[PDB]
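First, one chain by itself in structure tokens, the form deposited in one PDB entry.
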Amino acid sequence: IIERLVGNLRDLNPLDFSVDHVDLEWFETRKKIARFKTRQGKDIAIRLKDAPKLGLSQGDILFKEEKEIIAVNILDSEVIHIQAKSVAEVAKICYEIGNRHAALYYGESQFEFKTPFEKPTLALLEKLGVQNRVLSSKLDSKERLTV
């Protein structure tokens, strides 16, 4: 029964280790009491203090033992990436989506923002006519914009 995180694979870790991942959808990282069957059949429960608020993230270690580990993996989803030309054009998108109540994440870079696919968020984005694309990928809860 897991209680606290031993950090992240990201912070090396050249692996090197055996890793059992725990495969979680994006909408599932804030779960607090939970039971899980791991990637390799294994069992693992979670009951956390100072649960990372924003959510659990890519490669979060639930369990390290010698060279054995369990990390969180975060399953890829359908996703609208967004490219604002300008700092104004950012504010505009963001308020807009806010107003919509959609979810919203930072991109890999400056004027990039990903939010889940939804046919009407598309809609919006075309209306105001912005640079988007749908790409199966990864919305780390670390990237989110507070509820």
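Quick note: we count residues from 1 along the sequence shown, nothing fancier. Each form is matched to the other, and the largest set of C-alpha atoms that superpose within 1.5 Å is called the rigid core.
The same protein has a further form, the form deposited in another entry, not shown here; the description that follows concerns it.
Q: Tell me whether residue 23 is among the residues that move between the shown form and the other one (Cα shift of 2 angstroms or more, core superposed).
A: Stays below the 2 Å threshold, so no.
Q: With the core lined up, does the C-alpha of residue 40 move 2 Å or more between the shown form and the other one?
A: No, because once the rigid core is superposed, the C-alpha of residue 40 moves less than 2 Å between the shown form and the other one.
Q: With both forms fitted on the core, give yes or no for whether the Cα of residue 132 moves by 2 angstroms or more between the shown form and the other one.
A: Moves: no, less than 2 Å.
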